[PDB]
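1. Sharing an experimental structure here, sequence included.
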Amino acid sequence: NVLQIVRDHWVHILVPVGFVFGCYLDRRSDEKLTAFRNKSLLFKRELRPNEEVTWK
Amino acid sequence: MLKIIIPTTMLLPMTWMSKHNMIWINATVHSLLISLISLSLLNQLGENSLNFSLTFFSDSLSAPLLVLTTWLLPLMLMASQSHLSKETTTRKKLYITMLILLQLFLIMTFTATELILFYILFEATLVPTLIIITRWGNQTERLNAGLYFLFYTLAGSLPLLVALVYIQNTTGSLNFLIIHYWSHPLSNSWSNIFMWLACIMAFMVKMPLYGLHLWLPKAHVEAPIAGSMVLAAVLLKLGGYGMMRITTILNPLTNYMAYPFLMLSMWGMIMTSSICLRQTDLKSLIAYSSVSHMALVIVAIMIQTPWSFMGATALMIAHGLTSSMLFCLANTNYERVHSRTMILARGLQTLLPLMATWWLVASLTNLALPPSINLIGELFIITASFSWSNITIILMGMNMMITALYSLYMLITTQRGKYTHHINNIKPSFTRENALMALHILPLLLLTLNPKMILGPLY
Amino acid sequence: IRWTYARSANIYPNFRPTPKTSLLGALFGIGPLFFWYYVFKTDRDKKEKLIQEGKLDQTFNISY
Amino acid sequence: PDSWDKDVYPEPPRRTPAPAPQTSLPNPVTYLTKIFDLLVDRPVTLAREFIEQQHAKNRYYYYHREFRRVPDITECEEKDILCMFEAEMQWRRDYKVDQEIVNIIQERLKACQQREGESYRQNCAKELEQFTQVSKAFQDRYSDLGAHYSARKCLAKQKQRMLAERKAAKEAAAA
Amino acid sequence: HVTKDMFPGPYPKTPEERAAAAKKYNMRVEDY
Amino acid sequence: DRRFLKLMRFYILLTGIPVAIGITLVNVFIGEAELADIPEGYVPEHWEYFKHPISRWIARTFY
Amino acid sequence: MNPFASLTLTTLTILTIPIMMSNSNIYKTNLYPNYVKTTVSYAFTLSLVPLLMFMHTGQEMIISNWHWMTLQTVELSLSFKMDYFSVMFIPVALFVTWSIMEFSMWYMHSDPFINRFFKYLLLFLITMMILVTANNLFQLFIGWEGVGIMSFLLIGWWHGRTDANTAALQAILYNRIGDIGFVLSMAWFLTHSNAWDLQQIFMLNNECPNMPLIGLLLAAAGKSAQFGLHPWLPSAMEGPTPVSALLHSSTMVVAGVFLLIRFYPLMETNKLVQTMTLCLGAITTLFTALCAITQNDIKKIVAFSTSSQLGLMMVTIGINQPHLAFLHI
Amino acid sequence: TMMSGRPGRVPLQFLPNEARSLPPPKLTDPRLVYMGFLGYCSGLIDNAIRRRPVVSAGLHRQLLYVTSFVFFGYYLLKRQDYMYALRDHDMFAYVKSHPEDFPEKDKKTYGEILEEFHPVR
Amino acid sequence: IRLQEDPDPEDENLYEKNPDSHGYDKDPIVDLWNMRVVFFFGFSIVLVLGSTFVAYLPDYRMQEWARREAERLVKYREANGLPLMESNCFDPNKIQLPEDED
Ligand SMILES: CCCCCCCCCCCCCCCCC[C@@H](O)O[C@H](CO[C@H](O)CCCCCCCCCCCCCCC)COP(=O)(O)OCC[N+](C)(C)C
Ligand SMILES: CCCCCCCCCCCCCCCCC[C@@H](O)O[C@H](CO[C@H](O)CCCCCCCCCCCCCCC)COP(=O)(O)OCC[N+](C)(C)C
Ligand SMILES: CCCCCCCCCCCCCCCCC[C@@H](O)O[C@H](CO[C@H](O)CCCCCCCCCCCCCCC)COP(=O)(O)OCC[N+](C)(C)C
Ligand SMILES: CCCCCCCC/C=C\CCCCCCCC(=O)O[C@H](COC(=O)CCCCCCC/C=C/CCCCCCCC)COP(=O)(O)OCCN
């Protein structure tokens, strides 16, 4: 029954929501370490005509 | 890494708002789901590491231990489901909370790019374990066991804090990457000798080294089942992981500072293997077996050769899984028998055949049978020690023979022979125990197909 | 139960330090350690001396 | 097969004798080989042809990654962590390449020894010499570095060896 | 369900103590 | 014991059989990329340096 | 092309099918022993062909199909060696096992767990086949431990009998004493010749020193029940008669002599090890024959006869005639 | 460090005027979230001690705890950031004003530096 | 009597009141569903899908890349007569050795 199983099975959504939040936080934290993107002496590459960043 | 840490944290509100009769189901399902997420970390590269951020990084040494840690929790829940039947809802939720906190602390410990954070979580892993041992323990000696486990660890690990802050004051950073790249030789001086001792003793006490192992039989015997498996499987590997991480700055002093510990371990392996032969208890026998295997791991780490490190990692994982299985089987026997004595119940193979099969498989794996990863790690360490000195083979072979002897003694005394007459409450084994044994053993026989996943960074 | 208690948990409270017990403890807990240390130290010293002189023929000893 | 280059894995021309039946007694080996061909090789070949023609209908490529060269640890500053990192990664890659070179030489040695039969002691002298040379070079390069090996330690080992050999050469010349 | 007296005790010099221990272990006094 | 064995076999097969069938289909219809030189002026994606199609899919999707 | 490799792998593969089927329905009927016997007979009649091809041409081959793992400069792969020894010992072992299984179908008709007995026999046969056809020391060690474990499981067939458990543990003890020397040899070979493969070991060791050969001799003495470690073979008769007829008579106990045969290129180069193995063989054959003179249990007498024959082939190895020892096997 | 006697310091100012020259912490700062979590924990403990339904006894009280903790945490973070900025400013000014005590290291390359090699055997 | 205490209760057999007990819980429905989810998420989802995922992990360790590089290096050095592996890891000219003059 809708709106009845929710009051008993709302706890199951907690862990996957936490996983998605963790993935988002990991990407956001990775966004702060772009001080050498496409500046590495080994992977220094000329950008593609329709490319703005080497990686996200 | 936060994709792993965050769900483990969310396990707590999930458990605390669950219904009174559905906590075990939810905890088991979401713990298994978390383990699947942790599998992604295993794909390491031959280069430096998976540097996730400034606080967490993953290597090919941390990946197998992390996967094992995440995998152990569902098994702990299935093991604890038995003796917590008559427990109130709040106390069961507190037990699951302690287990979840232990897993979270271990997960944060194993990456811990900075050494002070590693130490903080390495000591944080001590509170939930002590609470579990001293609260949900059957015997009246659980209090003394908890005191021994706390103080043996803390006395060793307290000088480590001073050593670490001193290193930070002189070197200037405790980040493991900077520590590895800027490492400089340690001159032969009394101050450097004591720095070596401070940095090493904290991890050698937890492994444990022979002569400081008195806390382990007590902690393993008096603890509940889940505490026993988490002690034998993961908590013993903290010392070895820390030692392999920290020996990068102790060279070349180790070249001659390893002699006392090498001799102690190479003789204590024989001593504890012999002790296992004359034992009136099952859990004590398994604990002493764990001491012997960890002494071998200590020898491997102190040798400091690539084959030594590979064998040490393989033996770590294999011994963790095997000891967890053996403790599970002993607990299943104790639940029906209620005595915990090896010779009180005999001939159980006639009454419980499948559990006899599980006993045989666990004993064979403990016996270091090829091509299981137990023997892979064993043989790698044997070859490395042989390269170190040709005379170690005598001690290692003696240990192998005694290990086979006590493993088959454990199997024969409890499984073969005529059943005891005055015991008539040996009910048929449940599906839960069989599933627990299967989930313990199948990963071992699966990992024997892909050894490179557990051979460490020096593969 | 009495046998198990006597074997395991009743050893220390009835223990007294006597010349026989002390001598046996010192011997059986110290002698093997120093014996093995001396043996391994001598072997490794000999090996290192041979290495320094260079007369060991370590060819093909790639893995270590 | 063209899957592997013939020059890196050399193989002798593998000359084989011709059948010279001395007697009229029919040998069972030829009959067994014929029937085995008939009812084993044909179905296997048809299945492989079907699979290959299925593969040909969808073809795509994968490429070998090429790595640029970066300054070694010899031209790296004392505390310049970035150049040290680049040189260390390059040294690790070179270490792996050297290990695979030694593996290739060992494979050639084992193959020659098994192929030559009872005259392996004589007919594979060249392979043993190549393995000896490569093994000595590898042992001089990477042996005794320890579990915590790094580019700095290998460079220090090379410097110590160069000092030893320079002192020996100077002593020999001045004698 | 076992009392403290049943458990093993320290060696006793006195005969009365010896007798008590022999009875505890279910054996004759002069057989102990 | 027989019931436990039956349940374990049933679940293991219930997942493995679709996995084995899918693996066989992918191997027989799409698998085994061949190795070719990098075209001039073209930079491949990070997942184009692997052979098996399942490995390429894993690398593209997750890493 | 060249059906040698195909058939020499197919025999070992077809020996494995009943083990896979052991969880099927046929395991729960009385058709299982006949099924296993027919499978063994078919494997024998299939493996008979590579013997003919070797006899006609002199075919020799090694197959390294699956690459297990690479440790820096060492490579471990699932390698099978199909030389004269392997291609000749496959049919003999399969023939003897077929006869023993057909005999057991009558001897053990009253045993409720007859299907498990046949499954154990097949597992032992598979492990011995792995040991015989092994090409590197690790696979040989796998077979070496597998045959010992199967012997432990089959000696103590009757769990109620205490003497059965005692004999099983005694056999394991002596086999581990031999495994000490086996592991010593393995470690020495890897740390000096940089390979566990037989080819590199043969090539890189022109003058084999004393240590690896002494380790190999200790392992052979342990598993072939020589004078130092003989009693486990006579004590291993607590098991059923078919087990002692197949395992501890003709197939499993010749594993040490077969190991010494396999390393004959290194045995000839050393004179002290040849003398030591000749002396060991002589003393053990005399001792077991003398003991068998006055024995009163028939199985004990035949076990001591087996020990004497094992000592005789060790003597044959000592005088540097390995092929004659293989023929006597 | 002992910045108590630092010249030009107002005796009892929580946040000097110059501290306005620094970026304020974001409202989504992890430390502020931690203060909010501490406030929520205090609310739960308060409910537990009073023997009330722990999760849902007083929503206003829990909200007040969270808000007070967030407020104090925000101001404390501002003061902490200002003090650390002061320490770094003093450090850099002193190292600039005393060039003799902090000489420029003669940059060297690993090629011309002899480090002893200790083999592992 | 030293104190007031409940008698030690006897262990409750899970089979007596419920055959097909699975050893999970005394409530048959919750017990059965616990068994189902444990078997499905342990064996079916993790132990099989995860095993296949680990089996088919992309080669980030660069084993085939190292093999190809070694093949190219060996071919080039054999064709031109170079002595294969080089004794010095780093070229001598770049390195500077402090003079002794002793
Ligand atoms: C025939 C096929 C055979 C092989 C099948 C293999 C299937 C493997 C399935 C198991 C996967 C194991 C889990 C892997 C988790 C690690 C990777 C994960 O963290 O990645 C996340 C992504 O995860 C996925 O989005 C979700 C996968 C979770 C579910 C896996 C499938 C099985 C789930 C089963 C759950 C229960 C099913 C229902 C039961 C009732 C975040 O990725 P992100 O860091 O952004 O990537 C950046 C790089 N980009 C930009 C190129 C992407
Ligand atoms: C009990 C269970 C196990 C616990 C842990 C056991 C491990 C702890 C053992 C400590 C390891 C070695 C300590 C010192 C090693 C240095 C080598 C030294 O001992 O040998 C001689 C040193 O001579 C003497 O040993 C001086 C020290 C004597 C005093 C130390 C106490 C010795 C016995 C105490 C044992 C107690 C151990 C347990 C304490 C609770 C060499 O003389 P020298 O070449 O000139 O000096 C070398 C050092 N230099 C180069 C820096 C100058
Ligand atoms: C009941 C009676 C028997 C019935 C069963 C009959 C069937 C027999 C089959 C049983 C064994 C037969 C052997 C067959 C092996 C073939 C499969 C093998 O080759 O694949 C392995 C692959 O298997 C996996 O690598 C091993 C499993 C991964 C281990 C993870 C465990 C699962 C997670 C659970 C938690 C772990 C806890 C411990 C943490 C460390 C080896 O991989 P590899 O040869 O290279 O190449 C794979 C393909 N490539 C080329 C594309 C790369
Ligand atoms: C299970 C129980 C185990 C107990 C373990 C306890 C022993 C651990 C080893 C000693 C711990 C203390 C070491 C100090 C921490 C390291 C700090 C350091 O390295 O700094 C040194 C300082 O070194 C010291 O101060 C050491 C003093 C030790 C005092 C405390 C003694 C504790 C017991 C000593 C013997 C124990 C050794 C064996 C223990 C075996 C386990 C029982 C450098 O001094 P500087 O000031 O920088 O001088 C430079 C200018 N020349």
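-> Received it, and whenever you're ready, just let me know what you need. Numbers count the residues shown, from 1 in each chain, chains lettered A, B, ... in the order given. Ligands and ions are numbered 1, 2, ... in the order given.
2. Chain D: helices as residue ranges?
-> For chain D, applying DSSP state H gives helices covering D:28-36, D:42-56, D:81-115, D:120-123, D:125-142, D:151-174.
3. Then chain F?
-> Using DSSP H, helices in chain F cover F:2-29, F:53-62.
4. wait, isn't residue B:312 in contact with residue B:302?
-> No - in this structure, residue B:312 is not within contact of residue B:302 by C-beta atoms under 8 Å, at 9.9 Å. From N, CA and C alone the C-beta is placed, and that goes for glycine too.
5. more crowded one of the two?
-> Ranked by neighbour count (other C-beta atoms under 10 Å in any protein chain shown), residue B:312 and residue B:302 place residue B:312 first, with 31 against 23.
6. who's in contact with the spatially most central residue of chain E?
-> With distances taken as C-alpha atoms, centre = their mean, chain E has residue E:21 as the residue nearest its mean C-alpha position (0.7 Å). By C-beta atoms under 8 Å, 6 or more residues apart in numbering or on different chains, residue E:21 lies in contact with E:9, E:12, E:32.
7. quick one: which helix or strand includes residue G:63?
-> Element membership of residue G:63, judged by DSSP states H and E, is strand G:62-71.
8. quick one on the thing from earlier: any idea which of the helices of chain F gets closest to ligand 3?
-> helix F:53-62 (6.5 Å; C-beta to the nearest ligand atom).
9. tell me the angle of that closest one relative to helix F:2-29?
-> Interaxial angle, helix F:53-62 versus helix F:2-29 (axes from the mean of the first three to the mean of the last three C-alpha atoms, to 10 degrees): 100 degrees.
10. just to revisit the earlier point, mind putting the helices of chain D into a markdown table with mean neighbour count and distance to ligand 3?
-> What follows is those, written out as a markdown table (neighbours: other C-beta atoms under 10 Å in any protein chain shown; distance: least, C-beta to the nearest ligand atom, whole Å):
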| stretch | mean neighbour count | distance to ligand 3 |
| --- | --- | --- |
| helix D:28-36 | 13 | 26 |
| helix D:42-56 | 11 | 16 |
| helix D:81-115 | 20 | 17 |
| helix D:120-123 | 14 | 30 |
| helix D:125-142 | 18 | 26 |
| helix D:151-174 | 15 | 30 |
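11. how about these, which one is nearest residue B:370?
-> Residue B:370 lies closest to helix D:81-115 among the helices of chain D, at 22.2 Å (C-beta to C-beta).
12. can you state the direction angle for that closest one and helix D:151-174?
-> Using the same axes, to 10 degrees, helix D:81-115 lies at 70 degrees relative to helix D:151-174.
13. Closest approach to chain E from chain F, which residue is it?
-> Using C-beta to the nearest C-beta, the single residue of chain F nearest to chain E is residue F:1, 33.8 Å away.
14. cool, and chain G?
-> Counting by C-beta to the nearest C-beta, chain G gets nearest chain E through residue G:162, at 26.9 Å.
15. Enumerate every residue touching the closest residue to that residue other than its chain neighbours.
-> With sequence-adjacent residues excluded and distances taken as C-beta to C-beta, 6 or more residues apart in numbering or on different chains, residue G:162 is closest to residue B:417, at 6.9 Å. Residues in contact with residue B:417 (C-beta under 8 Å, 6+ apart) are B:346-347, G:159-160, G:162, G:165.
16. what residues does chain C put near chain D?
-> Proximity of chain C to chain D (C-beta under 8 Å from any C-beta of the partner chain) is limited to residues C:58-62, C:64.
17. Most widely separated two among those?
-> Maximum pairwise distance in the residues of chain C next to chain D, criterion C-beta to C-beta, is 13.5 Å, between C:59 and C:64.
18. Those two - which one has more neighbours?
-> Neighbour count, other C-beta under 10 Å: between residue C:59 and residue C:64, residue C:64 has more, with 24 against 14.
19. what secondary structure does the more buried one sit in?
-> coil (DSSP: H, G, I helix; E, B strand; the rest coil).
20. I'd like to know how far it sits from residue G:215.
-> 20 Å (C-beta to C-beta, to the nearest Å).
21. ok, now how distant is the residue nearest in space to the middle of chain H from residue H:22?
-> For chain H, the residue nearest the mean C-alpha position is residue H:80 (4.6 Å; C-alpha atoms, centre = their mean). According to C-beta to C-beta, residue H:80 and residue H:22 sit 11 Å apart.
22. same deal with residue A:22?
-> 31 Å.
23. Who has more neighbours out of the two?
-> When neighbours are counted by other C-beta under 10 Å, residue A:22 comes out ahead of the other of residue A:22 and residue H:22, with 21 against 13.
24. Correct me if wrong: that one contacts residue B:5.
-> Yes - contact criterion C-beta under 8 Å: residue A:22 and residue B:5 qualify, at 6.8 Å.
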